[PDB]
């Protein structure tokens, strides 16, 4: 059974999904834009036998509160940090996708000993040019429009394009009507959609925004030097991560195994939950037995 809980955090509240035996290591699942802990619903039960699974809804997403903030990357850093402290988590495996990987990389860079292992996919990295972002002309044009004043507000705040187009368009299988009802539930109003507009405007592309760009460059330098166990999952063709890029990226990290899932785009949990869950569970069991 998965439980949906709430925990007071800073000036607001955060929801999180929880399951697993509490005497096992913690695994923290970190979603990105514009999902929530719901995207881990078919993975968490498969890791539950070996770990204490904790999957928060980032502030402003899912069933978490909606404080009056900018929802910058650095805001998410503060709320996630506060969430981890409030639950008393002193060390954890991290499982992450999209902006959840930026949060995971930055957490690991600040507290390297916190990470028991990092399983990541479809991750954010500093992108020196627009040619380094994604793979398709239509994605490049759309995210350029997100980052254009006025245009981005119309597409995302008024028309909810990140939830209604980018999310189902970046998954191979068809989402059910109920699944899309869940994913749009946090975002019924223009004002509620602010976090899904701020995130693409935070993506580190061509040096902007400079603070995120610098921060993720440092995070990736720490990642490259780190020696904790790592799993990089990839889809084909993928989206932010192509198979060929994943192969080189993992081969240039220390202690990183590459898992090729097959047909996938950006939100790989919706196309390969059992492969991801079973692989993570076996990887944790391996690492825990090795102690």
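Residue numbers count along the first chain shown, from 1.
Higher mean CA B-factor, judged across 14-22 and 264-272 from the recorded values: 14-22. Across the two stretches, 41-49 and 55-63, the PDB entry reports the greater mean Cα temperature factor for 41-49. Set against one another, the Cα B-factors of 98, 211, 164, 178 in the record reach their highest point at 211.
Within the listed group 239, 30, 256, 244, the record reports its top CA B-factor for 244. Sorting the modelled residues of the chain by their CA temperature factor places residue 138 in the highest third. In the deposited entry, the Cα temperature factor of residue 195 sits in the bottom third of values across the chain's modelled residues.
Among all modelled residues in this chain, the alpha-carbon of residue 126 has a temperature factor (C-alpha) in the lowest third.
Placement of the Cα temperature factor of residue 224 within the chain: middle third of the modelled residues, per the deposited record. Compared with the other modelled residues of the chain, the Cα B-factor recorded for residue 85 ranks in the highest third.
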